[PDB]
Structure formats: structure tokens, C-alpha cells
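# Remarks on the overall topology
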Amino acid sequence: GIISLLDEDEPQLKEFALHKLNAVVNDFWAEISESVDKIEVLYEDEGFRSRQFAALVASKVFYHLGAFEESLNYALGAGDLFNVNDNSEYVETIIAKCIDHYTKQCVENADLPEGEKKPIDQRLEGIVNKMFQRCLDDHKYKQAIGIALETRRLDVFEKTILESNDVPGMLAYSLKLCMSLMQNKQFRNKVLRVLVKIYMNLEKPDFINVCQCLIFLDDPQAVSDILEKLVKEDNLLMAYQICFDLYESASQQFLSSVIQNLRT
Amino acid sequence: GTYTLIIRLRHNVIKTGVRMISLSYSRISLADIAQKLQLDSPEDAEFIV
Amino acid sequence: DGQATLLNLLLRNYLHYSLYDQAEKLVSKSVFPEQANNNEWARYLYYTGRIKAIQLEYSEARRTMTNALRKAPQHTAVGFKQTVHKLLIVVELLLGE
Amino acid sequence: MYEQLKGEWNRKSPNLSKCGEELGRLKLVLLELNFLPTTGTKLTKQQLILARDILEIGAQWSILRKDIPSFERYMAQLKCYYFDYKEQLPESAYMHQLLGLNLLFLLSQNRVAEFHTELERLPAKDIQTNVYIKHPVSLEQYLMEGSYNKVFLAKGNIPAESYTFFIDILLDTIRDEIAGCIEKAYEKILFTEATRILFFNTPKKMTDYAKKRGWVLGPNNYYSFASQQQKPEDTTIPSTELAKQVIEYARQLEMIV
Amino acid sequence: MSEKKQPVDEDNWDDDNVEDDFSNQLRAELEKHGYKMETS
């Protein structure tokens, strides 16, 4: 019942009125739920030292009433007071709107990244890789292999090939699982062309994934480039499964297009 | 504790009355309906009507 | 199961109180807990019937009082059914029927 | 005990140079202690009974200066303070004459659903006791039906306090109501009967109403334009609406859903 | 089933309509007419 004094015009009862918007935001939460929503008045007003905590409690009250985006934009513009506390049942409420809105906009940004892109308010992508560092640093990498795809970004998934988890076969079988769940060619070829150039820059360059990716990828010159690396290394025993899997898997047009790059 | 809802029924008793008398009688004086409704005042029996 | 009982168990002393939690129950999202087991759901329509009783029945809630009556089981009447048999036509005495 | 206030509060200082130091004084309460209901420390009441008296007198002089937006601030502060279940004074010589004063201005606010949301706050204090709150609910109960003359008898028969600003709204909001119910199918009324149905002998206020609406100023005459002729004989509107509803009957008749 | 949490605790209808229109009216007309033969 602290709500009637929101026209004081003396800006420290706005502060002292948001003193009681976090501890007793259960009982008269039902009171200030729909009747008074003057958060945006002092949030857009010249009167500072609030507009910070005011967007937090509208991000509280409009969340449970189904105004997820109303709690989400004030969740963006709330600031440092909003993301300081993650010891409740509330971070799962706000990043299931924030990172969900992030990836469902980043599908459109996977369509057209250049031009009319996102005006991020410096946290909508900040807690993406911040919570992704929580994923990289909370020991779980069977899922940290996952958010790097779900963000629809290439170089963070190229980044996490070197992490606190080593590479025996980890990420090599990730392509065995992601080629099966592969949606289209548009998202496939971009990641696939950038993983298999660090596969050649790996300590032991794997050959069946770099031939398989390239008949998946239609590059009739790069297997002649690493084939030139294998003539340069001069061992036809390891220049073998790069080649008879290429004859067994590749067709007459691709083998008839790569042949100019093999004989030259 | 329905008493605060019971207290406002006089309006609907008197609309029941004016529907009853307006439905029954056709050319009835205002100086009869207040006495039959024991209103004790014709001067607002113009006004309830 | 958390959308259902936590709103009549929220309401049952708010009706006995005088706080603004009637319009919050208007704007609430938890008004439908989706087939609440014929027992909390049936009385819920009555508990929100007395809400618009104390906030001026305009023949809106006589169908939800009536529905609150007709969704009852078969045990006894003295606890709630004598009071929906009273209050259900309190609000129609407010109408004229 | 940090008072600053006990010299000029009961004596009338109408809109003088006190209210700014009074508002900044209420600000000086806020630096000391928040207006939280103070769940612990029940023995300390100088933040509640000593400051809520300041907030109810601050509710009191708001209506003397016609401060309608800031009036309901102090009044809703008071109501949400008596919402608290801590043992306080149950009432005083003011609580009926302020809560019912809110009920009487809210009566004049043309909001009846909020006029009857108050009625849990005093169930037994309605008729059998508490006559000073029995009077406004009987008043609006008389405004419900066509009881006019009894309401204007209640205009002046107040035992409680002034209520002047509320019976002046109560005056205008029934002035346009009599000015509404001049518009029936009446006959000729002379310049005495409907001249005296409000409260006037012969000013030009009947020229204000008589030129406001019809029932035109004539030779002791109120002219009856009781026409009510234009609107009937409409076949086309059911021939559009029913033309929709017939096909809508045909949709859930043969087509599988 | 059927626990229903407790907050507090023909022959019949036509003559009840006669109890609606005819509750406390006349009730024993045997002598009012004999008292109206001399007045009316």
C-alpha cells in the first residue's frame, strides 16, 4: 500500500518508495500490479538516482502477468541492479526471454546480418557470452558444444575448440551428430568450411572428416591443396583414405572437376 | 455478511413497484401511486416516475 | 496444480479482507488453471462470483454462480451450497428476476 | 523528539507559507524512518500514531484548498495504514469522518464500483450503529432511485462536519440530472412548477437551462417537442445482421469442424 | 472424490406460487363481504 505517493515532485521519496519494492513485493504485489504503472514516467524523467531499480520491479510484476516483453525491455534498460543477484528463481525467468529473444532474432540475423541489424542495449548480447562463460566454466561441455550452435555464431564455436576440455575426439563426433541434425545448407557450409581449416591446423590432421566435409561442401580445390600437402609429405599410405573415400563417395562431376586441380 | 448487498434492494422493490403499477394501471394519478406505495410524498412521486 | 489451489487459497481471506485484490483477480493470468479437478474449480467460480457481488453484479456473474452451483458433487449442502443457494439469487434479486 | 510542527497545525493557516516547510517536514520524516508499516518494534509508535496524525491532517487541509490529485494521495496513505493488522488505535474522533469523507467524495467521483468496495471495512457499522457513516450510504442509496427531494433535504442536514465541496459536486451532478429529466413527454409547465423543482425563485438560471436545452421560454410556457418518431421501420439492419447470422447458422450445420 | 472443502459448515411449487401472490392477503374471507354488504 505504498503506491499513492508517486507525485511527490521531491526526488528521494521515489527512492524511499522503491525501498519497499523488493522485500514486500509479495503481499501488495497484487496491489501494484495493474493500477499504477508510473515506472516509465520517472524512468524517462530527468530525475535520476532512480530509473535504475524501477525497471527491476516492473520486470518483476509484468513477468507473472504475461507481459514477458514488457519485463524484457525493462530487463534490458534496468542496468547493473538487475543482473547483480542470481541467487533466486529469477535468472531462469529472464534469460528464457532474453536469450530466446536473442536466438529468435539471430535466425533473422543469420538470414541478413548486413544492414538493419540489432540495436543491442549492451546486455542483450553481454549476458549471452557471459552466461556462456558460466557454461564453459561450470565443467559441462556436452552442452557448451550446444549454446555455441544455438547462438547461431561461427567464431564462438571456433573459439571453444580450445577450452578447459581437451580434444581426443570431442567436437569431431560433434560433427557426426550435427550433420544428422543439420537443418539446411546455408548454416552448414559456413561452419563446415571454417572447422576443416583448423582441422588441418590441428596437431594430427584428420582426413576422413576433411574429405567428407568437402564432398559435402563442394570445394574442388582444397583437397588438391591438402593433397599437395600429402604429396609434399610423401606417404601414399596416409594419402590413401583421403583418396579412395573420395572415389567411393564422390561423383563423376566432382571427380571430373577436381581432376584439373590434381593434375596441376 | 450479505447485509450490505441486502441494503440496496429498495431500488429494485420500487422498480418492481413502478413496473407493477405501470403495467397494471393505464391512467393513474401521481397522487395515488405514492399513497399505494406508502411513499408519503407525491412531490417526489413525480420524481421516482 | 500450482495455478489452481494457490488462488482460492489466496482468495479465501481476501474476500474476508478489503484489499484491492479483486481487480488483480480480473487482470490475473492464473484465472484459468485448465481443468482444476472439479472441486477447487467449481468453488472458484463462486468465490469470483462474490467478487462482483461486492463490486456490483450487472448480471455478469449469475452464470458463474449458477455454474459454481451445477459443478458440485454429492455430499452435503450446509457448508457452501446453502450460501450459493442464497447468494446466487441475491444477485438476481438485484436484477429483478 | 523531532517534531517541528506542534505550533501551527490546529489553527487555520489557509495556503500560507507553512505548507512547503510542512512538505519538506514530511520529507524529514522520510530520512529518519521509512513509512513501512514497521512490522517489528511494536512499542515504538512515534513513527505511526505521531506521524499518521500529521498525514491525516495533511489529508484534511487538502480539501480546504481544492487539492484533488494530492488529496487522494494522503487519503490512500491513511487507508493503507489502517490496512495494517498491528494493534493501533481502533479509531479516533476522525476515522469515520475521514473514511466516510473519502466515501462521500468518491460518491462524487461518479465511481460506484469503488463506492461499494469500501463496504467490507465496516460490516456492522452500516445501519445498527455508526450513524455518521449510515448517512452517506443512505444518501447514495437515495440517489439510486428517484428520491430527489430527500437528497436535497440531506443537502444541509449534515451532523458530522462541513461536507461543503462534496455537496457542491452533489449539487452540479443533480443539476444536470433535473436538467436531464425536464426532457420527457411533459405537457406545458408554467414558470412556477419546474421553476421551483430545483431551488430557485426567479433568477436567470431558468434562462440558463431554458436556453441550454429546449422547453423554450414562452408566454409562461415550456414547449413539448415530444416527437420520438424518426428511428423505427428498419428492415435493412436485420437484413444485414440476420443476413450474416443465417450464413453463420449454415456454417455449423453441414461443414465438419 | 467428492470432499468439497467447507467454508461455513410436484406437491410443492404451484401452491408455493399461491404463497407468492397469496401470502398474507385475505386468508380467511368469510366475513369481510358480510361486513361490506352494509358499507358498500
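Residues numbered from 1 in each chain as written, not as in the entry; some residues may be left out. Chains lettered and ligands numbered in written order. Part of a larger assembly, values for the part shown. Heavy atoms only, no water.

For this deposited structure, the header cites cryo-EM as the method used and 4.3 Å as the resolution.

## Examining the overall build of chain A
We count it as follows: The secondary structure listing takes helices from DSSP runs of H or I that are at least 4 residues long and strands from runs of E that are at least 2 residues long, numbered from the N terminus. When we talk radius of gyration, it's over C-alpha atoms, and the globule rule is simply 2.2 Å times the number of residues to the 0.38. We call two residues contacting when some pair of their heavy atoms lies within 4.5 Å. Accessible surface area values rest on a Shrake-Rupley calculation with a 1.4 Å probe, where residue burial reflects the displayed protein chains alone. Positive charges come from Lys and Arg, negative ones from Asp and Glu, while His and the chain ends are left out of the count. The atoms used to mark charge sites are NZ of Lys, CZ of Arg, CG of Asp and CD of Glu.
Of regular secondary structure, chain A possesses 15 helices and 0 strands. Over its C-alpha trace chain A gives a radius of gyration of 27 Å, far above what one expects of a compact globule, namely 18 Å for 264 residues. Overall, chain A is about 85 × 35 × 30 Å in size when its C-alpha atoms are taken along their principal axes. For chain A, contacts bridging at least 24 residues in sequence account for 58% of all contacts bridging at least 6. Just so you have it, chain A exposes about 16400 Å², and 53% of that area is on carbon and sulfur atoms. In chain A, which carries 28 positive and 43 negative side-chain charges, the distance between the mean positions of the two groups comes to 6 Å.

## Focus on empty space enclosed by the protein
Residues and elements named next belong to chain D. In plain terms, the rule: Of the grid points, spaced at 1 Å and generated over the protein atoms alone, those admitting a 1.4 Å probe that cannot get out make up cavities, while open sets with protein on both sides within 12 Å along at least five of seven lines make up pockets; any residue with an atom within 4 Å of a point is treated as lining. Grid points are joined across faces, edges and corners, and a volume is the space filled by probe spheres set on the points. By the convention adopted, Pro, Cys, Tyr, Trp, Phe, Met, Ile, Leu, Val and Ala count as nonpolar, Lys, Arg, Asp and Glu as charged, and the other residues, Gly among them, as polar.
For the largest cavity, the calculated volume is near 200 Å³. As for the largest cavity, its lining consists of 15 residues, of which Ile 182, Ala 194, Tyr 209, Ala 210 and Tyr 222 are closest to the centre. For the lining of the largest cavity, the element with the highest residue contribution is helix α10 (residues 205–212), accounting for 4 residues. As a volume, the second largest cavity reaches approximately 90 Å³. Looking at the lining of the second largest cavity residue by residue, the class counts come to 7 nonpolar, no polar and 3 charged.

## Re a negative patch on the surface
Quick reminder of the rule: Residues enter a patch when their relative accessible area is above 30% and they make no salt bridge; the linking distance is 9 Å between like charges and 5 Å between nonpolar side chains (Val, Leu, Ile, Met, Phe, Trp, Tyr). Whenever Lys or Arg places a side-chain nitrogen within 4 Å of a carboxyl oxygen from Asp or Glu, that contact is recorded as a salt bridge.
Judged by side-chain charge, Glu10(E), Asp11(E), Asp14(E), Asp15(E), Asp16(E), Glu19(E), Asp20(E) and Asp21(E) come together as a negatively charged surface patch. Of note, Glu10(E) is situated in the segment before α1 (14–21).

## Some remarks on helix α5 (residues 91–106) of chain A
The condition is simple: Multiplying 1.5 Å by the residue count of a helix minus one yields the expected span of that helix. Partly exposed residues are those whose accessible area sits between 20% and 50% of the maximum for their type, while under 20% is buried and over 50% is exposed, using a 1.4 Å probe and protein chains only.
Here α5(A) is 16 residues long and its end C-alpha atoms lie 21 Å apart, about the 22 Å a rise of 1.5 Å per residue gives. Among all positions of α5(A), only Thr93(A), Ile94(A), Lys97(A), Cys98(A), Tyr102(A), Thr103(A) and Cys106(A) are buried.

## Observations concerning the side chain of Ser30(C)
By the secondary structure assignment, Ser30(C) is in the loop between α2 (23–26) and α3 (40–54). Residue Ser30(C) is classed as buried on the basis of its relative accessible area of 19%. When residues no more than four places from it in sequence are discounted, the contact partners of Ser30(C) are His64(A), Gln3(C) and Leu7(C).

## Points about the interface of chain D and chain A
The following threshold applies: Simply put, the buried area is the total loss of 1.4 Å probe accessible area from both parts when two parts are fitted together.
Contact residues are listed per partner, giving 14 residues for chain D and 12 residues for chain A. Together, the buried faces of chain D and chain A total about 1300 Å²; carbon and sulfur atoms form 60% of this surface. Among the residues chain D hides against chain A, the three largest losses belong to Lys27(D), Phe35(D) and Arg73(D). Together they make up 42% of the total. Where chain D packs against chain A, one counts 2 salt bridges.

## A look at the layout of surface pockets
Residues and elements named next belong to chain A. Size it by volume and the second largest pocket reaches roughly 970 Å³. What lines the second largest pocket is a set of 38 residues, and nearest its centre among them are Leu 149, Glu 150, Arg 152, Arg 153 and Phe 187. Elements with a minimum of two residues in the lining of the second largest pocket: α5, α6 (108–111), α8 (144–150), α10 (172–178) and α11 (186–195). A total of 6 residues in the lining of the second largest pocket trace back to one element, the largest contributor, which is α11. Split by residue class, the lining of the second largest pocket holds 22 nonpolar, 7 polar and 9 charged.

## Focus: the interface of chain C and chain E
Accessible area lost upon the coming together of the parts is a frequently used measure of interface size. Let me state the cut-off plainly: Identification of polar contacts relies on pairs of N or O atoms within 3.5 Å, with a donor-acceptor requirement for protein atoms, meaning one able to donate a hydrogen and the other able to accept it, and with residues adjacent in sequence counted only if both atoms are side-chain atoms.
Each partner contributes to the interface: chain C provides 16 residues, whereas chain E provides 8 residues. Where chain C touches chain E, the interface holds 0 salt bridges. For the pair chain C and chain E, the number of links is 4 residue pairs in polar contact. The element best represented in the side of chain C that touches chain E is α3(C), accounting for 4 residues. Broken down by class, the residue content of the side of chain C that touches chain E amounts to 6 nonpolar, 7 polar and 3 charged.

## Things to note about the arrangement of the chains
For the non-touching pair chain A and chain B, the nearest C-alpha separation works out to 24 Å. A gap remains between chain D and chain E, which never touch, and the nearest two C-alpha atoms on either side lie 18 Å apart.

## Let's talk about the packing of aromatic side chains
Put simply, the rule reads: Two rings belonging to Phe, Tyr or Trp (six-membered ring only in the last case) form a pair when the distance between their centres is within 6.5 Å. Interplanar angles under 30 degrees mark stacking, angles over 60 mark edge-to-face geometry, and anything in between is tilted. Either the NZ atom of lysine or the CZ atom of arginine qualifies as a charge over a ring when it sits within 6 Å of the ring centre and within 35 degrees of the ring normal.
Considering all chains together, one arrives at 14 aromatic pairs over all chains under this definition. Ring centres of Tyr43(A) and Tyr74(A) lie 5.9 Å apart, and the angle between their planes is 55 degrees; this geometry places the pair in the tilted category. Here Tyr43(A) is found in helix α2 (residues 39–44), whereas its partner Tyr74(A) is found in helix α4 (residues 68–77), with 31 residues between them in sequence. Note on accessibility: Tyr43(A) and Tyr74(A) belong to one class, buried. Here the aromatic residues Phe71(D), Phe105(D), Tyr163(D) and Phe166(D) are joined through ring pairs into a cluster of three or more. The ring of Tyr74(D) has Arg73(D) sitting right over it, with the charged end atom 4.7 Å from the ring centre.

## Observations regarding the pattern of salt bridges
Applying the stated criterion across every chain yields a total of 8 salt bridges over all chains. With a shortest N-O distance of 3.2 Å, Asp86(A) and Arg134(A) are connected by a salt bridge. Note that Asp86(A) is positioned in the loop between α4 and α5 and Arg134(A) in helix α7 (residues 126–137), a separation of 48 residues in sequence. A relative accessible area of 44% places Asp86(A) in the partly exposed class. Taking relative accessible area as the criterion, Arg134(A) reaches 41% and is therefore assigned partly exposed. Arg251(D) is the salt-bridge partner of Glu248(D), the closest N and O atoms lying 3.0 Å from each other. Here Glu248(D) pairs with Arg251(D), and both are found in helix α11 (residues 238–254), just 3 residues apart, close to one helical turn. Each member of the salt-bridge network shares a partner with another, and the members are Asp7(A), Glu8(A) and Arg73(D).

## Details of a nonpolar patch on the surface
On the surface, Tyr173(A), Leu177(A) and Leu181(A) cluster together into a nonpolar patch covering about 320 Å² of accessible area. Mapped onto the fold, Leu177(A) is located in helix α10.

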